[PDB]
Amino acid sequence: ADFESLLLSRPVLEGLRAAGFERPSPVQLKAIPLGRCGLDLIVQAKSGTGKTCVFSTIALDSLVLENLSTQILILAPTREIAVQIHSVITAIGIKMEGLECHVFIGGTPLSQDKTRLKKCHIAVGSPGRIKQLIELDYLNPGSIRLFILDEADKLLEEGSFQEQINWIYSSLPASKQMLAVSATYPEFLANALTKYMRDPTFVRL
Ligand SMILES: Nc1ncnc2c1ncn2[C@@H]1O[C@H](COP(=O)(O)OP(=O)(O)NP(=O)(O)O)[C@@H](O)[C@H]1O
């Protein structure tokens, strides 16, 4: 009923408290332990349920802070959502000295992203920019063990980023954990996630 019963690391517990997160929401209670367990998760719950906190907490708890390598990749369907994610992670991560979380979106020179990726624990970005950075080997995906799709319905809908995500998924290490979080779970999304998750655990309220 508090974040302690979820067995999170002390830095994450202290960060949550500092950032105003006093008690977990119903979806946070359910999803966080299962995330810590290393399972592939599909978290489907309506807006207002606390889903960004869910994957942000799982992500920060999983990080090897002393290893300055990109261990976590998070994709978002819009520039604004990518930054929203960065804000939550950097708030919850406030007691983790030297945490490096960076946003990769269009409009910044690729040379600048290359430099930033030299010191980056958690990469958050849009699928097109992330694919370009992996193709250039500016983001070497060799240490990524956690791959998160935020607003997965928006990412994988018709006219969106399925082709780019398929490519990125394939570039990553075979051994990794996947999280997909979404307000809805239509057939197109159920279908698309079969490419990435062999037997996912579902989390709903
Ligand atoms: N358990 C909680 N306790 C207090 N505040 C929370 C909690 N969960 C989320 N919040 C607040 O909401 C912000 C955004 O996180 P969150 O609610 O997880 O994402 P969101 O983008 O609103 N997605 P969702 O809530 O699922 O629609 C945080 O920065 C907090 O200010």
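Don't overthink the numbers, they just go from 1 along the chain as shown.
Determined by X-ray crystallography, 1.9 Å, according to the entry header.
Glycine is no exception: its Cβ is also placed from the backbone N, Cα and C atoms.
As annotated in Swiss-Prot, phosphoserine applies, among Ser25, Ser126, to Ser126.
In Swiss-Prot, the motif 'DEAD box' annotation falls on 150-153 of the listed ranges 90-93, 130-133, 142-145, 150-153.
The Cβ of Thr49 (ATP binding site) has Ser25, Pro26, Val27, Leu205 as same-chain neighbours under 8 Å, each 6 or more residues away in sequence. Around the Cβ of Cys53 (ATP binding site), a 10 Å sphere holds 22 further Cβ atoms from the protein chains shown. Remark: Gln28 (ATP binding site) has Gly50, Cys53, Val54, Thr57 as non-local neighbours, by Cβ distance under 8 Å and separation of at least 6 in sequence. Long-range contacts of the motif 'DEAD box' (150-153) within the same chain: residues 42, 51-52, 55, 74-77, 81, 85, 180-186, 189, 193, each at least 6 residues beyond the stretch ends and with a Cβ under 8 Å from a Cβ of the stretch. In sequence order, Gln84, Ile85, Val88, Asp150, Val181 are the residues near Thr52 (ATP binding site), counting only same-chain partners six or more apart with C-beta under 8 A.
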